[PDB]
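Below, in structure tokens: the form deposited in one PDB entry, a single chain.
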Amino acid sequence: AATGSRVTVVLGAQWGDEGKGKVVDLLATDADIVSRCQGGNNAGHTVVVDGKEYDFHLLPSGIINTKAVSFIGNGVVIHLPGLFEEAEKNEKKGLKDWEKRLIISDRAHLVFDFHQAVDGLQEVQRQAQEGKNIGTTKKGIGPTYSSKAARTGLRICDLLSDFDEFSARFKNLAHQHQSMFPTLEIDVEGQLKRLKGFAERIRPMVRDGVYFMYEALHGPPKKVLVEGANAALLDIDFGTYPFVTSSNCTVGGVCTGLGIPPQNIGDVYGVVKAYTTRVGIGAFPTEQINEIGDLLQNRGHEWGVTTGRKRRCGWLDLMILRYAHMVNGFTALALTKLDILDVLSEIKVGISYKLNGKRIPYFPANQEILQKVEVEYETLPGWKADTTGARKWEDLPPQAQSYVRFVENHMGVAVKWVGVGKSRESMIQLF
């Protein structure tokens, strides 16, 4: 009553695609506000309600709940074209009146077309310049955040004020990018013209984000849900740098992205996949490039929704999870895709790393080290049974319950949800 209402947070605990869209969708059913705080459409969150499947990127996953307000915080980077393309793609799937329940923070930054093109150029250069790049989503997230830090970028509020001033600063930002890559095209007037349209198409949804969240956390009690993007080990500060995204996907990102103090943050849920996946380049200790990897990849559908690029798969890894927790302080976990392991006789789990026959004392800041470590595994018996229909703790067979406990025990955090299917109702609440 003194500090106001506290928000619930959902964050990825590994390298992304843990099932944030799913957990958020489940928790948004009775939420008054659902929001994104960092990242851009580099994120891809799948939701399955009824027989309908959605894949949001910029839209909060709660856009589905017509009785709730979806909010895009100041920490997010918005690419207007992608935003609308996404919305329409979903409008055709039944999404209606979204614009009436979507609010955009006027302090959020703009991803411009050249930011996306430059993202691609930087990757091609890194590839032909040293044999390997980052494995970026090519959405210009990195370039946009780079402009944000430089204070050269433009924001939502800039786009809605004097368009002439916006146009001038835009042109400068554009030319500055052609200095980095003189072959970059950039149809200044074309883009500039399209942007003018987006300004008016987006004007009625924009608002002051700070005042909006403050009012909501200190006005009559409200249920505010924060949908994280990307994941812990992809964090610009704490991830396997430089093979990371360019924002803080960890808990701190909720504060800096929505302008809310730590006391207004409550439950922080860590979405943990029963096994590990990585989309781009970089160290992956428990990576399984083999029969096992193909099975996880296959039974798990580990590939990009559009591009269809398959994701690297590997055994569960506790080193990254324990590390993720040290930074995020999860209050509970959502262990997902347990059903994928239904067919295994034995499941291995990475518990620690050894470099020179010696167990590293902690997760390496230098990603290059991880490439050299040897995983120390623990083999666990499989429950070899179909759990896709499990709806209660007791429904799960012995070996499966054991697997859940294994995770809680070695992370020191309790599992509150167990996923056994992509649809909303395919979950089990432990408490």
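Definition used throughout: the rigid core is the maximal C-alpha set that superposes within 1.5 Å between two forms. Throughout, we count residues from 1 along the sequence that is shown.
Between 145 to 153 and 84 to 92, it is 84 to 92 that carries the larger average Cα temperature factor according to the deposited entry.
Of the two segments examined, 260 to 268 and 118 to 126, it is 118 to 126 that shows the higher average Cα temperature factor in the deposited entry. Per the PDB entry, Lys100 shows the highest C-alpha temperature factor of the residues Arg107, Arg312, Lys100, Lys273.
Reading the B-factor column for the CA atoms of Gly239, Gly282, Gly75, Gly190 in the entry, the top value corresponds to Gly190.
The deposited CA B-factor of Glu200 belongs to the highest third of values across its chain. Among the modelled residues of the chain, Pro60 sits in the middle third by CA temperature factor in this PDB entry. Per the PDB record, residue ranking by Cα B-factor puts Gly51 in the highest third of the chain.
When the CA B factors of the chain's modelled residues are split into thirds, the value for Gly135 lands in the middle one. Residue-level temperature factors show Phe330 in the lowest third of its chain, judged at the C-alpha atom.
The same protein also has a form deposited in another entry, omitted here; what follows describes it.
Following superposition on the rigid core between the shown form and the other one, the residue from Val224, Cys313, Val254, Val268 with a C-alpha displacement of 2 angstroms or more is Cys313, and no other. Core-aligned CA deviation for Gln401 between the shown form and the other one: 2 Å or greater. In the core-superposed comparison between the shown form and the other one, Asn74 has its Cα shifted by less than 2 Å.
After superposing the rigid core, the C-alpha of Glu346 moves by 2 Å or more between the shown form and the other one.
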